[PDB]
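Asks: got an experimental structure here, sequence first:
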Amino acid sequence: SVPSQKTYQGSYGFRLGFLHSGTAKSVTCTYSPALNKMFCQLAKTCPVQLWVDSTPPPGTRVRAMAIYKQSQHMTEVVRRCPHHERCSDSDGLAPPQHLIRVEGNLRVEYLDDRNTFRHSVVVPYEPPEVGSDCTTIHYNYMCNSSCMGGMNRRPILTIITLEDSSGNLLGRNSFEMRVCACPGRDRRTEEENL
Ligand SMILES: [As]
Ligand SMILES: [Zn+2]
């Protein structure tokens, strides 16, 4: 069935943070607080911050999964278009069908769910590096929102779950995602309509 998108900070006070990048033409990845929507270029570095009041225990894991936002498409699996699925951009870890990848982490793990056929990517939770107040994961989105035979101009949600080493839910949060050539301009345009 459709995975839960309900916000849950839980014991460890789990919330997401984003860089305050602005909307300059030369931006690759920008977050809109007003929309709670990320704007990112294809395959480019997408920083998502993990904020906690208390450090989760050893072997805590952080899962990312994309779902369609619209009620009628929610039961459909989010996957890459046949073109992007075929193109030789493989990192030698990520399944070629998977929209979401993590870069700069050789403990990354990918799941085709045997029951739901859902795609997700999981990394170990590492406490904030000295002189930081959050943990940063670098996500990569390997299809454009406009891809015919993929998302095809349908809005998606990314759901970020915090789970312990035995797979118990510790926390959940979500943000809308648009993968597009001009993230800056598109945020400015989508914010214009307010
Ligand atoms: As991004
Ligand atoms: Zn595509």
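Replies: All right, it came through fine. Numbering: from 1, shown residues only. Ligands and ions are numbered 1, 2, ... in the order given.
Asks: OK, contacts around the closest residue to ligand 1 within the chain?
Replies: In the chain, the residue that lies nearest ligand 1 is residue 40 (2.7 Å; Cβ to the nearest ligand atom). Heads up, the C-betas are built off the backbone N, CA and C, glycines and all. When contacts are counted by Cβ atoms under 8 Å, 6 or more residues apart in numbering, residue 40 touches 28-29, 46, 139, 141, 177-180, 183.
Asks: beta partners of it?
Replies: Here residue 40 shows beta-bridge partners residue 29, residue 179, assigned using DSSP bridges.
Asks: quick check: longest helix of the protein.
Replies: Of all the segments of type helix in the chain, defined by DSSP state H, the longest one is helix 183-192.
Asks: contacting residues around that one?
Replies: Contacts for helix 183-192 (Cβ under 8 Å, 6+ apart): 22-30, 32, 34-35, 37, 39-41, 178, 180.
Asks: write a ChimeraX command that selects only the buried members of these.
Replies: Restricted to buried positions by 16 or more other Cβ atoms under 10 Å, the ChimeraX selection for the contacts of helix 183-192 reads:
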select :23,27,29,30,32,35,37,39,40,41,178,180
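Asks: now the residue of the chain closest to ligand 1: how far from residue 59?
Replies: In this view, residue 40 and residue 59 are 29 Å apart by Cβ to Cβ, to the nearest Å.
Asks: again, but for residue 132
Replies: Residue 132 sits 21 Å away from residue 59, going by Cβ to Cβ.
Asks: would you map the strands across this protein?
Replies: Counting by DSSP state E, one finds strands in the chain at the ranges 15-17, 29-32, 37-40, 46-51, 61-68, 100-102, 109-112, 119-124, 135-141, 156-163, 169-179.
Asks: rewinding a little: off-centre distance for the longest helix of the chain?
Replies: 19 Å (Cα atoms, centre = their mean, to the nearest Å).
Asks: return the set of buried residues in that helix.
Replies: For helix 183-192, using 16+ other Cβ under 10 Å, the buried residues are 183-187, 190.
Asks: enumerate the residues of the protein near ligand 1.
Replies: For the chain, the residues in contact with ligand 1 (Cβ under 6 Å from any ligand atom) are 29, 38, 40, 46.
Asks: which residue, neighbours along the chain excluded, lies closest to the most centrally placed residue in the chain?
Replies: With distances taken as Cα atoms, centre = their mean, residue 158 lies nearest the centre of the chain, 4.5 Å away. Nearest non-adjacent residue to residue 158, counting by Cβ to Cβ, 6 or more residues apart in numbering: residue 177, 4.9 Å away.
Asks: got the CA coordinates for stretch 80-97 in CSV?
Replies: Taking Å, rounded to 0.1, in the frame of the first residue of the first chain, the C-alpha atoms of stretch 80-97 are listed here in CSV:
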residue,chain,number,x,y,z
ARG,A,80,13.4,6.6,-13.7
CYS,A,81,12.1,6.9,-17.3
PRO,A,82,13.2,4.0,-19.7
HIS,A,83,15.8,6.5,-21.3
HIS,A,84,17.6,7.5,-17.9
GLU,A,85,17.2,3.8,-16.8
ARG,A,86,19.2,2.8,-20.0
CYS,A,87,21.9,5.6,-20.0
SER,A,88,25.4,4.6,-18.7
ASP,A,89,25.5,6.8,-15.6
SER,A,90,25.7,3.8,-13.1
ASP,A,91,27.9,4.4,-10.0
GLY,A,92,28.2,0.5,-9.5
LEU,A,93,26.0,0.6,-6.4
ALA,A,94,22.6,2.1,-7.4
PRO,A,95,20.0,0.1,-9.2
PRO,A,96,19.4,1.8,-12.6
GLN,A,97,15.6,2.1,-12.0
